[PDB]
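Heads up: the structure comes next, in structure tokens.
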Protein chains: 2
Amino acid sequence: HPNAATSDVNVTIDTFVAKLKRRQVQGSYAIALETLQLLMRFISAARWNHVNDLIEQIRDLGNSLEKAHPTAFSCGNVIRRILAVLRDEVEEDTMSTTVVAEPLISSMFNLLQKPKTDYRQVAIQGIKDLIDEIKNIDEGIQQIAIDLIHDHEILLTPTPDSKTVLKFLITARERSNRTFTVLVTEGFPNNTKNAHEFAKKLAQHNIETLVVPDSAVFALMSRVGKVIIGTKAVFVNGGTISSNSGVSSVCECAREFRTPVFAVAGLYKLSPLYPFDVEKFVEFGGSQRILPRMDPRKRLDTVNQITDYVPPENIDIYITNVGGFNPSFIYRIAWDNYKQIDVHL
Amino acid sequence: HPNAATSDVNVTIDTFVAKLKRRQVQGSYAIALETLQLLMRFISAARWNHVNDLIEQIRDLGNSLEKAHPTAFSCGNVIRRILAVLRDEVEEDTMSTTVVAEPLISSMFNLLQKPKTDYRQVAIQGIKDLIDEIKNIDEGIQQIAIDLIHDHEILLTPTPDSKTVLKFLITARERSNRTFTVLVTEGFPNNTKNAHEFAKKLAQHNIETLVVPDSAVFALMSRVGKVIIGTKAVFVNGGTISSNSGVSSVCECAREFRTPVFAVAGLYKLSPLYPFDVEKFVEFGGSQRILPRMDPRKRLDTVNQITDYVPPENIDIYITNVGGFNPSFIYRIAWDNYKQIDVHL
């Protein structure tokens, strides 16, 4: 389905498309908020009267949105989240229009046994609940996370870019009973500016700050207590795409030294998609920021990448608003929020 | 050869044999001293005039001494040490009686190219030098060893029995610039009393003492900086026989956590023998110290062993009076002091 029907009534589709492609929109948290407001505008304005035609139209809109921007997983997840909230209430509604439906638990096995209302209002409130969930994640993290780190323990941190992780670290430093030393890898080609702001906010709160070059990670790994990841997107197998530069090597460095790896994330950040190849999912950077002068750049073919991937073999915990989960279990948390059909849009 | 010739002239042979079998003599350092004084009495008293008949007689005496006591490696090594000091001076003497002898270095390859004096005085002085070497090892250790351990690092120690290691630890604590926390595994069935005296002498010098049960080793390994071994005997492949109880598991615990392993030893403690099987070399303890009452001991077949073995896969450094060496090199240090023939006595 094209945007020919939604042009005069809905204009904000194309402005979000413009915000993605030229990267005017920044940070998964913000991308999610916009798509929420998009779906808010879609239900409030449209006229449908039919339900199945409506849902499949939403599926096509989400399909086009993910094709417009591949790194906007938070875009794709939010739509998929509302899709499933819709689908449950429709399946509840069809049971009343026809007239045991309660075997034991909420399982799977969709290959075995076969099969006017206020539905739109529920769809409205379903968006509102998603917003409030994205608004408050930190409260759900701090009750699980600030139980695992001890006094006189040194914390090494790749990806200082995450707003989520920094605020988790500040709530722990607020506790006068807890003392920890912070090592921060720079992440030269991208994270530098963000890493420097990270080091500034730690000094602002008076926490023992240590700025580390990306070479020196090995030269400290014997002294490191724990490793924390500021992830962007979490996957089925467990693995993460993080907010740029110098993570993968640090995780490899941690595993060889058998140093524990922590990850702080949200369920909206969590994705039901599978990373079959890193080659497709990871976004590459601009080599302009590395080396000046273009006549030597004929011979200097420089390689730089923004997003960094970690395989599930390294990290052990994904502390969310719900709780702490192991990478060998995180798939269930995903299927508790997104349906099996709501993947290939 | 029997002790029928050496009975009225030499009496102290049989008193040392009595000291070994009933374990009246204690600690490898003391066993070495006695055998030195034995060989001191053998040269001072005997009449030989011939050299090759003398050396082969000494070989038979050493063969009988090791058969009398298998755990007295320090006995076996000291004889082997003087044997080689003898053999070099004889080979130097035969070159003058006959009349390049200097190819490059001091090699091996005894399978390639073929072949009155003050010799007895040299044999006398050779014993004297061995004593002085055994008298002073600590001076040669402290100059290599107290260079590797840092401030705020936690040291876990199996085998508190060694006089060598404790004195190495006290010289480092003497340095006001160096601070370290000491964890000590108890070693229940044997080391207990010695471990408690170890903890007392650390408090006497005011070093942060921590007494650890043999179960709790795992529960601390994440926090451990380094591991130190108080070995009794070191071998060709690198591996060690240590002064009793709870070492092997600690070393296994260290390797899994990738925590560094240190060993403090002497060259007289070092052996040219190969441990083909632990089954033969390790001495077993007395089960009386575990469990009382003999009527249940019909059904309670309890297992306890004194000496503990460590494979070379774990430890990394053997700091001696000469210096620090890797287990993949220690064989050369051995061959620099003992000859190839002087093994199978």
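Convention: chains lettered A, B, ... in structure tokens order; per-chain residue numbering from 1; ligands numbered from 1 as shown.
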Assign secondary structure with DSSP using the backbone only, and return the residues of stretch 78-219 of chain A in strand (DSSP E or B) as a list in words. residues 153, 154, 155, 156, 157, 180, 181, 182, 183, 184, 185, 209, 210, 211 and 212 of chain A
Could you take the residues named above and write them with C-alpha atoms, as a short mmCIF file (atom, residue, chain, number, x, y, z; two decimals), in the first residue's frame?
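Just written: out_19.cif:
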```
data_model
loop_
_atom_site.label_atom_id
_atom_site.label_comp_id
_atom_site.auth_asym_id
_atom_site.auth_seq_id
_atom_site.Cartn_x
_atom_site.Cartn_y
_atom_site.Cartn_z
CA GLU A 153 35.14 -2.71 42.40
CA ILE A 154 36.35 -1.15 39.12
CA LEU A 155 33.86 -0.69 36.27
CA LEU A 156 34.96 -0.49 32.63
CA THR A 157 32.46 1.06 30.23
CA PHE A 180 33.25 2.24 42.52
CA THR A 181 35.95 3.36 40.07
CA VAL A 182 34.88 4.11 36.48
CA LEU A 183 37.03 3.37 33.44
CA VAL A 184 35.74 4.76 30.15
CA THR A 185 36.99 3.73 26.71
CA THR A 209 36.65 9.08 36.67
CA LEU A 210 39.25 7.37 34.45
CA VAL A 211 39.50 8.11 30.73
CA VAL A 212 40.94 5.26 28.73
#
```
Should the cut-off be 12 Å, what would the residue list for chain B against chain A look like, counting only C-alpha atoms, as a PDB file with C-alpha atoms, in the first residue's frame?
```pdb
ATOM      1  CA  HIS B 150      51.448  -4.206  43.371  1.00  0.00           C
ATOM      2  CA  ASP B 151      49.558  -2.063  45.874  1.00  0.00           C
ATOM      3  CA  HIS B 152      45.934  -2.959  46.699  1.00  0.00           C
ATOM      4  CA  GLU B 153      46.452  -6.524  45.344  1.00  0.00           C
ATOM      5  CA  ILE B 154      45.113  -9.572  47.214  1.00  0.00           C
ATOM      6  CA  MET B 221      38.742 -16.206  43.260  1.00  0.00           C
ATOM      7  CA  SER B 222      37.087 -13.269  41.497  1.00  0.00           C
ATOM      8  CA  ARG B 223      38.789 -10.922  44.016  1.00  0.00           C
ATOM      9  CA  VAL B 224      42.227 -12.611  44.056  1.00  0.00           C
ATOM     10  CA  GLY B 225      45.180 -10.788  42.482  1.00  0.00           C
ATOM     11  CA  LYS B 226      47.888 -13.481  42.672  1.00  0.00           C
ATOM     12  CA  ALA B 254      43.230 -19.942  39.701  1.00  0.00           C
ATOM     13  CA  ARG B 255      43.598 -21.172  36.109  1.00  0.00           C
ATOM     14  CA  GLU B 256      39.832 -21.108  35.527  1.00  0.00           C
ATOM     15  CA  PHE B 257      39.747 -17.527  36.818  1.00  0.00           C
ATOM     16  CA  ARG B 258      43.009 -16.827  34.897  1.00  0.00           C
ATOM     17  CA  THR B 259      44.686 -15.611  38.116  1.00  0.00           C
ATOM     18  CA  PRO B 260      48.547 -15.655  38.002  1.00  0.00           C
TER      19      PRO B 260
END
```
Could you name the residues that touch stretch 328-335 of chain A at 8 Å or less, counting only C-alpha atoms, but leaving out those on the same chain fewer than 4 positions away, as a PyMOL selection string? chain A and resi 235-238+267+270-272+339-340
Can you write out as a tab-separated table which residues of stretch 220-268 of chain B fall within 10 Å of stretch 58-75 of chain B, alongside each residue's closest atom pair and its distance in Å to one decimal, counting only C-alpha atoms and ordering rows by chain and ascending residue number?
```
residue	atom	partner	partner_atom	distance
B:232	CA	B:74	CA	8.9
B:233	CA	B:73	CA	7.1
B:234	CA	B:73	CA	9.6
B:241	CA	B:71	CA	9.6
B:267	CA	B:74	CA	9.8
B:268	CA	B:74	CA	6.4
```
Distance criterion (only C-alpha atoms): nearest to residue A:1 out of A:118, A:316, A:53, A:277: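 Between A:118, A:316, A:53, A:277, the residue approaching residue A:1 most closely is A:53.
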Please provide the set of residues having any atom within 12 Å of residue B:290, restricted to only C-alpha atoms, with same-chain residues fewer than 2 positions apart removed, written as a compact mmCIF listing (two decimals) with C-alpha atoms, in the first residue's frame.
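The resulting part-v6.txt:
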```txt
# COMPACT_ATOMS: atom_id res chain seq x y z
CA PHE B 188 42.76 -29.07 57.26
CA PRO B 189 44.20 -32.56 57.77
CA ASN B 190 47.88 -31.49 57.97
CA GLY B 285 48.70 -39.24 55.30
CA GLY B 286 47.23 -40.74 58.44
CA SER B 287 43.46 -41.13 58.52
CA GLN B 288 43.56 -41.27 62.33
CA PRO B 292 37.72 -41.26 65.72
CA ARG B 293 36.38 -44.75 66.66
CA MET B 294 37.62 -47.96 64.98
CA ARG B 297 36.36 -47.31 60.61
CA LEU B 300 34.64 -45.70 56.97
CA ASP B 301 37.56 -46.15 54.58
CA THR B 302 38.82 -42.57 54.66
CA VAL B 303 41.33 -41.12 52.14
CA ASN B 304 43.97 -38.56 53.13
CA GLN B 305 47.21 -37.49 51.49
```
